[PDB]
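First, one chain by itself: the form deposited in one PDB entry, in structure tokens.
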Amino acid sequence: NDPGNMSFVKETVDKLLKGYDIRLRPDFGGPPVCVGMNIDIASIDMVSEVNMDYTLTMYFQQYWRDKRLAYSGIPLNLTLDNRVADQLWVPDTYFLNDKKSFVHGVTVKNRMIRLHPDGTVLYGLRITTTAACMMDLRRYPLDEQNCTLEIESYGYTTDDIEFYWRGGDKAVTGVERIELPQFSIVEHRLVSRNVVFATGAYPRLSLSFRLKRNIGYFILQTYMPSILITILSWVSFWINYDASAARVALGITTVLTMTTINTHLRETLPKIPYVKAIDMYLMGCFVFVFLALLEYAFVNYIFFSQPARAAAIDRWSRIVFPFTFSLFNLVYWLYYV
């Protein structure tokens, strides 16, 4: 009778679970059971291009109605121990594009079961999942990616289970609180549909983020060293042509440094066959430094018979190379921005 009478609550719960068959979904053989889902995104741990996946930690909450769990006489919502979730029926929800996921289990399994007088069940889990995200790196590092989390029922079709976002556009919360050092979340979308396979139509939910990559790290890491190496190559134009060792050493060092930068950058990323934007910039810088070395080679070749022509070539290169490099940078940064 009294809500505080734990004996009465125990009797009510035992009556609820007596004869309860966990093998049967609510309203088995009848209308599909509607499961409304919410996500509270705690954080996005990392976004990996090498593995083409991102790690996501969230509170995943499911909401459905089981008339077998309807109780009367207790005007309270029963928050039960998570272990009771083993004695109930729960949807076979799984993430379609994940690779490794787990439910946290310290100190207890991170699980919540709440029953309502009308038979409504709220079932919450804390899930850290590494979801696969194929990425198009043709504009890297100035690229924008779209990473999705796909939620689907495993065994039951749309004739047995239906999904919806509980709350419309506000079902997924906490996106604005995500701190990604390298990315900024431009937008997120919720999609609900049905996907047909050989075994029938299955409900599907999709939580998609659009990530815009920050460029400051790559400016500090790759572009500035390339510009500095190109200017270092230009330095040889003010050295006298008789100093063969000095200018040849400058050319060799700049060329080898550009090649090492390019190879190291490519080794950092996964083995993709196409050419990226940063690869184009590095190849342009390599062309510039190699042309500077070839210019000195020409000057050394012709400076014995025609010293005036060699001096003129050096003097003209001193102006041509910075101007042409400025034009190359201008067109490059206009194309990719």
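Superpose the two forms; the largest set of C-alphas matching within 1.5 Å is the rigid core. Each residue number is its position in the shown sequence, starting from 1.
This protein has a second form, the form deposited in another entry, left out of what is shown; the following refers to that one.
Compare the position of the CA of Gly30 between the shown form and the other one after a rigid core fit and state whether the shift reaches 2 Å.
The answer is no, as the C-alpha of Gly30 shifts between the shown form and the other one by less than 2 Å after core alignment.
Superposing on the rigid core, is the Cα displacement of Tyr94 between the shown form and the other one 2 Å or more?
Shift at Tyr94: below 2 Å after core fit.
Relative to the form shown here, do the C-alpha atoms of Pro181 and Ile272 sit closer together or farther apart in that other deposited form, given a change of 3 Å or more?
They are closer; the C-alpha distance drops by 3 Å or more in that other deposited form.
Note whether the distance between the C-alpha atoms of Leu269 and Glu150 decreases (closer) or increases (farther) in that other deposited form, against the displayed form; the change is 3 Å or more.
It is farther: the C-alpha separation of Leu269 and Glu150 rises by at least 3 Å in that other deposited form.
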